[PDB]
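*Asks:* PDB, C-alpha atoms, file entry-v7.pdb:
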MODEL        1
ATOM      1  CA  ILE A   8      41.314 -11.503 -18.242  1.00  0.00           C
ATOM      2  CA  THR A   9      38.574  -9.963 -20.407  1.00  0.00           C
ATOM      3  CA  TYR A  10      36.136 -12.831 -20.877  1.00  0.00           C
ATOM      4  CA  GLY A  11      33.626 -12.604 -23.695  1.00  0.00           C
ATOM      5  CA  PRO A  12      30.331 -10.930 -22.817  1.00  0.00           C
ATOM      6  CA  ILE A  13      27.812 -13.339 -21.309  1.00  0.00           C
ATOM      7  CA  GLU A  14      25.110 -12.135 -23.720  1.00  0.00           C
ATOM      8  CA  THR A  15      26.837 -13.900 -26.626  1.00  0.00           C
ATOM      9  CA  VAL A  16      27.102 -17.379 -25.088  1.00  0.00           C
ATOM     10  CA  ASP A  17      25.001 -20.044 -26.821  1.00  0.00           C
ATOM     11  CA  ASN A  18      23.530 -22.492 -24.302  1.00  0.00           C
ATOM     12  CA  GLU A  19      19.892 -22.872 -25.379  1.00  0.00           C
ATOM     13  CA  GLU A  20      20.578 -26.429 -26.575  1.00  0.00           C
ATOM     14  CA  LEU A  21      22.566 -27.421 -23.475  1.00  0.00           C
ATOM     15  CA  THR A  22      20.934 -30.462 -21.866  1.00  0.00           C
ATOM     16  CA  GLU A  23      21.496 -32.566 -18.760  1.00  0.00           C
ATOM     17  CA  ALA A  24      23.388 -35.206 -20.732  1.00  0.00           C
ATOM     18  CA  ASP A  25      25.761 -32.377 -21.632  1.00  0.00           C
ATOM     19  CA  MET A  26      26.332 -31.602 -17.948  1.00  0.00           C
ATOM     20  CA  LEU A  27      27.120 -35.265 -17.410  1.00  0.00           C
ATOM     21  CA  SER A  28      30.108 -34.428 -19.613  1.00  0.00           C
ATOM     22  CA  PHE A  29      31.272 -31.933 -16.989  1.00  0.00           C
ATOM     23  CA  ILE A  30      30.863 -34.681 -14.397  1.00  0.00           C
ATOM     24  CA  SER A  31      33.028 -36.908 -16.598  1.00  0.00           C
ATOM     25  CA  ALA A  32      35.693 -34.209 -16.944  1.00  0.00           C
ATOM     26  CA  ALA A  33      35.782 -33.649 -13.189  1.00  0.00           C
ATOM     27  CA  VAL A  34      36.136 -37.370 -12.484  1.00  0.00           C
ATOM     28  CA  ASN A  35      38.803 -37.783 -15.170  1.00  0.00           C
ATOM     29  CA  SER A  36      40.861 -34.964 -13.664  1.00  0.00           C
ATOM     30  CA  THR A  37      40.376 -36.219 -10.095  1.00  0.00           C
ATOM     31  CA  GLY A  38      41.043 -39.855 -11.018  1.00  0.00           C
ATOM     32  CA  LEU A  39      38.501 -41.171  -8.458  1.00  0.00           C
ATOM     33  CA  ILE A  40      41.374 -42.400  -6.268  1.00  0.00           C
ATOM     34  CA  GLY A  41      44.054 -39.867  -6.920  1.00  0.00           C
ATOM     35  CA  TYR A  42      43.919 -37.765  -3.761  1.00  0.00           C
ATOM     36  CA  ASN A  43      45.410 -40.426  -1.483  1.00  0.00           C
ATOM     37  CA  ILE A  44      48.110 -41.308  -4.027  1.00  0.00           C
ATOM     38  CA  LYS A  45      49.067 -37.634  -4.301  1.00  0.00           C
ATOM     39  CA  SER A  46      49.015 -37.312  -0.509  1.00  0.00           C
ATOM     40  CA  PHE A  47      51.413 -40.243  -0.187  1.00  0.00           C
ATOM     41  CA  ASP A  48      53.718 -39.024  -2.954  1.00  0.00           C
ATOM     42  CA  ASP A  49      53.723 -35.534  -1.442  1.00  0.00           C
ATOM     43  CA  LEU A  50      54.644 -37.115   1.882  1.00  0.00           C
ATOM     44  CA  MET A  51      57.511 -39.040   0.265  1.00  0.00           C
ATOM     45  CA  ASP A  52      58.797 -36.071  -1.728  1.00  0.00           C
ATOM     46  CA  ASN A  53      58.366 -33.038   0.543  1.00  0.00           C
ATOM     47  CA  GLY A  54      57.083 -34.026   3.963  1.00  0.00           C
ATOM     48  CA  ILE A  55      59.545 -36.665   5.163  1.00  0.00           C
ATOM     49  CA  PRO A  56      62.544 -34.517   4.103  1.00  0.00           C
ATOM     50  CA  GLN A  57      60.780 -31.478   5.566  1.00  0.00           C
ATOM     51  CA  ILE A  58      60.161 -33.289   8.853  1.00  0.00           C
ATOM     52  CA  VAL A  59      63.815 -34.350   8.804  1.00  0.00           C
ATOM     53  CA  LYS A  60      65.267 -30.877   8.238  1.00  0.00           C
ATOM     54  CA  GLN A  61      62.772 -28.874  10.302  1.00  0.00           C
ATOM     55  CA  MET A  62      61.605 -31.242  13.062  1.00  0.00           C
ATOM     56  CA  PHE A  63      64.533 -33.626  13.659  1.00  0.00           C
ATOM     57  CA  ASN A  64      67.169 -31.032  14.606  1.00  0.00           C
TER
ENDMDL
END
Would you give me this structure, written as structure tokens?
*Replies:*
Amino acid sequence: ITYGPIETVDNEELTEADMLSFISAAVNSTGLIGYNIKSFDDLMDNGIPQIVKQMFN
């Protein structure tokens, strides 16, 4: 990918309250709890069948 040249980016007015927005985006994507829910659902969907087919023979 040919990203735009870094000389043309406008950030002079970027503050710390603006970076708190990036913190908010990261937390919203993560969900603050999600990882264990995804680990359990991945277990249920892939792992238990995978353990059955590959480890229970």
*Asks:* In Å, how far is it from atom CA of residue 62 of chain A to atom CA of residue 49 of chain A?
*Replies:*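 Taking atom CA of residue 62 of chain A as the start and atom CA of residue 49 of chain A as the end point, the length is 17.1 Å.
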*Asks:* Could you state the separation of atom CA of residue 28 of chain A and atom CA of residue 41 of chain A in Å, given to one decimal place?
*Replies:*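 Straight-line distance from atom CA of residue 28 of chain A to atom CA of residue 41 of chain A works out to 19.6 Å.
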*Asks:* Rounded to one decimal place, report the atom CA of residue 35 of chain A-atom CA of residue 21 of chain A distance in Å.
*Replies:*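 A separation of 21.0 Å between them.
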*Asks:* Complete segment 26-41 of chain A at the level of N, CA, C and O atoms, written as a PDB file, keeping the file's coordinate frame.
*Replies:*
ATOM      1  N   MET A  26      25.705 -31.859 -19.239  1.00  0.00           N
ATOM      2  CA  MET A  26      26.332 -31.602 -17.948  1.00  0.00           C
ATOM      3  C   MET A  26      26.954 -32.865 -17.371  1.00  0.00           C
ATOM      4  O   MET A  26      27.916 -32.796 -16.590  1.00  0.00           O
ATOM      5  N   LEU A  27      26.423 -34.030 -17.743  1.00  0.00           N
ATOM      6  CA  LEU A  27      27.120 -35.265 -17.410  1.00  0.00           C
ATOM      7  C   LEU A  27      28.528 -35.279 -17.991  1.00  0.00           C
ATOM      8  O   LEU A  27      29.421 -35.928 -17.439  1.00  0.00           O
ATOM      9  N   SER A  28      28.754 -34.558 -19.089  1.00  0.00           N
ATOM     10  CA  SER A  28      30.108 -34.428 -19.613  1.00  0.00           C
ATOM     11  C   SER A  28      31.006 -33.677 -18.642  1.00  0.00           C
ATOM     12  O   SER A  28      32.179 -34.027 -18.480  1.00  0.00           O
ATOM     13  N   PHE A  29      30.489 -32.623 -18.008  1.00  0.00           N
ATOM     14  CA  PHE A  29      31.272 -31.933 -16.989  1.00  0.00           C
ATOM     15  C   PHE A  29      31.566 -32.855 -15.816  1.00  0.00           C
ATOM     16  O   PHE A  29      32.660 -32.816 -15.245  1.00  0.00           O
ATOM     17  N   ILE A  30      30.594 -33.683 -15.434  1.00  0.00           N
ATOM     18  CA  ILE A  30      30.863 -34.681 -14.397  1.00  0.00           C
ATOM     19  C   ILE A  30      32.003 -35.599 -14.827  1.00  0.00           C
ATOM     20  O   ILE A  30      32.902 -35.919 -14.039  1.00  0.00           O
ATOM     21  N   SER A  31      31.977 -36.036 -16.087  1.00  0.00           N
ATOM     22  CA  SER A  31      33.028 -36.908 -16.598  1.00  0.00           C
ATOM     23  C   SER A  31      34.385 -36.221 -16.566  1.00  0.00           C
ATOM     24  O   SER A  31      35.389 -36.838 -16.201  1.00  0.00           O
ATOM     25  N   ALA A  32      34.435 -34.949 -16.961  1.00  0.00           N
ATOM     26  CA  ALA A  32      35.693 -34.209 -16.944  1.00  0.00           C
ATOM     27  C   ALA A  32      36.234 -34.077 -15.530  1.00  0.00           C
ATOM     28  O   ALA A  32      37.435 -34.256 -15.291  1.00  0.00           O
ATOM     29  N   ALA A  33      35.355 -33.764 -14.576  1.00  0.00           N
ATOM     30  CA  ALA A  33      35.782 -33.649 -13.189  1.00  0.00           C
ATOM     31  C   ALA A  33      36.341 -34.965 -12.676  1.00  0.00           C
ATOM     32  O   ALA A  33      37.393 -34.990 -12.030  1.00  0.00           O
ATOM     33  N   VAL A  34      35.658 -36.075 -12.962  1.00  0.00           N
ATOM     34  CA  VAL A  34      36.136 -37.370 -12.484  1.00  0.00           C
ATOM     35  C   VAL A  34      37.449 -37.745 -13.156  1.00  0.00           C
ATOM     36  O   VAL A  34      38.355 -38.289 -12.516  1.00  0.00           O
ATOM     37  N   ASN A  35      37.573 -37.467 -14.457  1.00  0.00           N
ATOM     38  CA  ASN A  35      38.803 -37.783 -15.170  1.00  0.00           C
ATOM     39  C   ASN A  35      39.984 -37.015 -14.598  1.00  0.00           C
ATOM     40  O   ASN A  35      41.081 -37.568 -14.451  1.00  0.00           O
ATOM     41  N   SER A  36      39.785 -35.737 -14.275  1.00  0.00           N
ATOM     42  CA  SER A  36      40.861 -34.964 -13.664  1.00  0.00           C
ATOM     43  C   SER A  36      41.180 -35.475 -12.263  1.00  0.00           C
ATOM     44  O   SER A  36      42.350 -35.644 -11.905  1.00  0.00           O
ATOM     45  N   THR A  37      40.149 -35.729 -11.453  1.00  0.00           N
ATOM     46  CA  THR A  37      40.376 -36.219 -10.095  1.00  0.00           C
ATOM     47  C   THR A  37      41.019 -37.601 -10.099  1.00  0.00           C
ATOM     48  O   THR A  37      41.948 -37.860  -9.325  1.00  0.00           O
ATOM     49  N   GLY A  38      40.549 -38.497 -10.966  1.00  0.00           N
ATOM     50  CA  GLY A  38      41.043 -39.855 -11.018  1.00  0.00           C
ATOM     51  C   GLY A  38      40.311 -40.840 -10.133  1.00  0.00           C
ATOM     52  O   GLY A  38      40.604 -42.040 -10.201  1.00  0.00           O
ATOM     53  N   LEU A  39      39.396 -40.363  -9.283  1.00  0.00           N
ATOM     54  CA  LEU A  39      38.501 -41.171  -8.458  1.00  0.00           C
ATOM     55  C   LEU A  39      39.236 -41.823  -7.293  1.00  0.00           C
ATOM     56  O   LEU A  39      38.609 -42.297  -6.343  1.00  0.00           O
ATOM     57  N   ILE A  40      40.565 -41.804  -7.325  1.00  0.00           N
ATOM     58  CA  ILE A  40      41.374 -42.400  -6.268  1.00  0.00           C
ATOM     59  C   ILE A  40      42.511 -41.448  -5.944  1.00  0.00           C
ATOM     60  O   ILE A  40      43.097 -41.503  -4.858  1.00  0.00           O
ATOM     61  N   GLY A  41      42.751 -40.504  -6.851  1.00  0.00           N
ATOM     62  CA  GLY A  41      44.054 -39.867  -6.920  1.00  0.00           C
ATOM     63  C   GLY A  41      44.497 -39.239  -5.616  1.00  0.00           C
ATOM     64  O   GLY A  41      45.669 -39.323  -5.252  1.00  0.00           O
TER      65      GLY A  41
END
